[PDB]
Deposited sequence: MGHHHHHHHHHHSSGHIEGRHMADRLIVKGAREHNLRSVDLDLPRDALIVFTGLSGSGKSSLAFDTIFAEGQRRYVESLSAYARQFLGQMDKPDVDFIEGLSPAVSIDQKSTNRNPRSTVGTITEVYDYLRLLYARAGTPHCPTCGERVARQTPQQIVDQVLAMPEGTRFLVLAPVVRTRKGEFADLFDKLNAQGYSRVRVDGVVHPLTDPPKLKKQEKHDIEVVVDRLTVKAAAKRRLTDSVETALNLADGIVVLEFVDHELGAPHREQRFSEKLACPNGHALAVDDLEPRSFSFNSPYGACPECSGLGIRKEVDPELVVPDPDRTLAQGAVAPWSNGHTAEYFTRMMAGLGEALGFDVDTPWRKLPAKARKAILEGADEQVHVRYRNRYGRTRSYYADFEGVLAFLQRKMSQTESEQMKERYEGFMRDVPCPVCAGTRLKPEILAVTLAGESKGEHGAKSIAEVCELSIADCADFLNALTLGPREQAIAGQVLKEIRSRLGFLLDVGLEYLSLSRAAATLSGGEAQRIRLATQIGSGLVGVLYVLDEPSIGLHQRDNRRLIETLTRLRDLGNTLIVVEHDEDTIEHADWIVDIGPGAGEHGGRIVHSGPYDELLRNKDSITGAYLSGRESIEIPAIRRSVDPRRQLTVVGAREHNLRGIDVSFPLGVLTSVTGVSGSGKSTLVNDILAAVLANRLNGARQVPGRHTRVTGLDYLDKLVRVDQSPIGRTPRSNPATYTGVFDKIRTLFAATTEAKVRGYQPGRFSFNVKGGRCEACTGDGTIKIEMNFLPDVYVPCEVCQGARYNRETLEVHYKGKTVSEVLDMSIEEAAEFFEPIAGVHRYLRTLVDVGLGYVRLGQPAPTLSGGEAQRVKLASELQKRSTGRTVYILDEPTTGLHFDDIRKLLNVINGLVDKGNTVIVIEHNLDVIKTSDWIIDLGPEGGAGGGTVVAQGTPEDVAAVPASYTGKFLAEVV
């Protein structure tokens, strides 16, 4: 039999013909610098091949999915299994989905109800009758979805004073169909008996109601039967995602009036299945059980007393649900509720849910690849996560974990360290062993950090906090928060930590950040349930930095986004050759017709279509991917063309441009963040989320913040090596020293150990928390016995 996984000729991305041998059915941990190719090897070439060699064998669909899937550049790979990837980018927005269905616990719940449900109104019951995704179970009106769509009145009609013929409403003034919309509302004017030019404000209330409801009958070759009607047929006739989001933006959601939002047929509620007993006490229904927390659900299902004969059938189902819920608890999601919609889950929660359902499914002989699983997970639960991972490995499953947590190491049977360098000089394997020679290795950065040879030190002096200038939020009651008031210091670095589910995301993202956005930047976000936010006068604008791409088009790259490519172009025009040939600074851009080529249109890669194949990309025969015409390229600034300057890495860019302080400051900041490897020409869509947030904060560090703005950060250590964490801390401290305020949500022990202010939320996640357990400097927060974060901080300071 085969007990070793052997790869040879992995030439993909920055890897240089990397070959490796791994022990099958063992815990393997990948380590390396961000962008060193660790994720390229673990996900893009190993997982892709393991998945492709399986799905290509599937007879159904007559064709492999994802446009012939993809083919990693491997020479010879053997010892694989079917490959399953668990990463945050697997989240989805399917309305019918819930954590009950995703982890399949809902199906066993339905089986238990079918075999063990009593009507109890003062036998014809099947599991399909409890499924809200089945005609036998759904709410008749809500179609099994516990929501209903109601159009936002003020959003669709922001200006009621303009004439109706203008049609300033978005559906009436968008695209070539705006004139057609004018056609049908002009026809409806005579069809219903109202003026086609009267503004909404000047229109009678009944006229606007009749516009809302619409009319009938064929009027003039076309039909119009209401605003709700044509919008509904519009998302039933979608072609563009932009129209999707534009029209769903004002699509308000209300609980189903008949099913009370429980997305179930009213008869199939406790009216049919009140047979459940005990728990906290009394009976329960399927909707009520789904609405419980996971811990509460498991506790209730443990103590139910449904009767002996009924138990003879229900015992195995109860044991199965018990094991699934035990898995979910072990992963650390006791605050979640089985009825929670899939759309309301963060990336870390989605990853943890996926891992829990995988360990519950019982699949054996499967190769798992996992992104950083501890993201969004507090340290106090990390150990319990590891015991889960090994448990999965105990089912005969090979594990590959791309994790930089120290505790996950010293536990993996095998460690592979890549990245004797960051980018072009980091695509080599530097270690492959049982963690022992890692601490002995010399050129292994991860080994240096783990051994204690190199470490992030606690700064001696913490920035002083001034109580006079603080940003205080009072009356925060959204979700789990218990009506508390919290004071964020201004001008310093403050971090808010706590167990998952405590309420840091609610307290920061959809309460404080929304208020700051719509009161400083003039946004329109819903500010959640809060009473007051005081201290805003000290600031001028808020910026929140996330993983969203800096640009959705190939026309955007870090050079343009940072606002440095414009200076490069002006320098190129300033070159004597460009001056004598009369070249404007704009021409040197790949977005204006002056400098591009007529085939690429500046894109570089043209499209090619086949009869039965998805489109493929191939460089233009003129530019050879240079995105510029020959006349543009023949201009030399310091002996180099525009293309070479464009495609060079950030490091050699900083080595370049030395006499020009302007661009050099930006390039130096980018290097300081840790983006030296990225080429200036790298398309924005290709950049990862971590690199996106890093370049965002880099560009923000430079433009004279003058100590007035505030910055909001989600977990910024996601997918970051220790050295990357050190760089990001340096940049954050540099930003704070300008006088601004930086608030970050993070579980990393180092970042919160080097912060100025610390806010610890909640004794536990979910209903057990939502308060503030300790706040102050890291030193005195480590002295609070009630804080788990303080407990972990005690031994690090």
Legend entry - Regions of the deposited sequence not represented in the model: 1-21, 144-286, 385-397
